[PDB]
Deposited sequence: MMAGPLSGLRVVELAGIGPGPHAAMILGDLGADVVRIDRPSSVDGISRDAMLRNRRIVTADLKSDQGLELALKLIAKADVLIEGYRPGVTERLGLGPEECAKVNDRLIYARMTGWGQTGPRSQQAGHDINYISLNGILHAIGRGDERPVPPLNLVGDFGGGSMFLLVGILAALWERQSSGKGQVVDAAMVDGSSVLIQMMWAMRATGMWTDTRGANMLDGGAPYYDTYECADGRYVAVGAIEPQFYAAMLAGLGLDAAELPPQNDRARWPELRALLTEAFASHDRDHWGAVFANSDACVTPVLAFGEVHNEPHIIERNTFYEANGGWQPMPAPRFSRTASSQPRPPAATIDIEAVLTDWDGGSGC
């Protein structure tokens, strides 16, 4: 198996959302991941796995799972706190068979506290920590940024960091430990820049009136003549200048870039200019420039974009594109992910693993 994590052994207890995303990336980077499900997937997320089944409620299934775990470097579970405990797969039971184990617990609310036993989804975790409030236009109710911030950016990505950090630790202690990855925590560290900026007046709690939330005319999307969109990210003055130059707008006729009182005016002039030609016109105009103007591509156009083609950011799988592994490694590179395959015998995996 190719990649920097070649040799690493991971048991994943089948769940939804952040846990399988974390397992996927481990497999992408070359880890040997074995997912235990209940008694061929068309879910591309289950790439780079071997799937086995066990009833964790039976004596036989518990025993087979504990034998797998005994040979593994990492366990990923995403149930409610207390669930693995009651199954006999809790941290203390795993430690008896394998004290080198990195026991990774993926939850929204965390292992303890008043909400720890309560159901939730991404939108709920980001509603409690100020994140969701900060997303969307100021004249409307907050919009969910899909499940990118809670489930993934502040969820599976923190599980991954904790797993890999604890493996580093084990190189010198010889021992594993438990990683408590709560999406409410991870997402807060994900948005630390905004917490930093609040303290210095560089960010306000007012929705849609900051530099990065759509409040700034030079950091937003604009609708073009064809009803398609461009993104403008021209924060730095020399980038802003390049953007005006391509629009053919005279700076001396516009409000200054950062005169906030005239941002309505500035936005209306930029709106009119971008609305005068189609999206693809602006790709030609701004070619090879620092104007920070890009087309807003829909998913179904992405694979035709030259920078995406040339870098092989995606690969073609089962009637659709899927993202290639990230990040990239110069010496031990990842390969194209292996598709989901048929279930296999758990006894066969133990034998492979010894």
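- Missing from the model, relative to the deposited sequence, are the ranges 1, 41-45, 361-365.
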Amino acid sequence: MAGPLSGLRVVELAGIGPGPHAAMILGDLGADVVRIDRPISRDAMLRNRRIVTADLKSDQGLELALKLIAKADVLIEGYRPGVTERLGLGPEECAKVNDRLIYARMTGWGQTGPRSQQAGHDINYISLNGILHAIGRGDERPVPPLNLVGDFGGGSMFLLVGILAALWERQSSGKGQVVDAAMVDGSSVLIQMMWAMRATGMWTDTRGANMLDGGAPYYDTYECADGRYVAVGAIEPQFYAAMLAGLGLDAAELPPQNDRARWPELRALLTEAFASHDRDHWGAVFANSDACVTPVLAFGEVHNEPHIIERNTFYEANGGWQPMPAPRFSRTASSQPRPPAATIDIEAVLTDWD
From here on, numbers count along this sequence of modelled residues.
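- According to the PDB record, 345-353 carries the higher mean C-alpha B-factor of the two stretches 3-11 and 345-353.
- Averaged over their C-alpha atoms, the temperature factors of 299-307 and 315-323 are higher for 315-323.
- The residue among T294, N288, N48, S58 whose C-alpha carries the highest B-factor in the deposited model is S58.
- Within the listed group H281, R228, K96, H133, the record reports its top CA B-factor for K96.
- Among all modelled residues in this chain, the alpha-carbon of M202 has a temperature factor (C-alpha) in the middle third.
- Per-chain ranking of the deposited C-alpha B factor places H21 in the lowest third.
- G150 sits in the lowest third of its chain by CA B factor, as recorded in the PDB entry.
- Among the modelled residues of the chain, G215 sits in the lowest third by CA temperature factor in this PDB entry.
- Among all modelled residues in this chain, the alpha-carbon of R267 has a temperature factor (C-alpha) in the lowest third.
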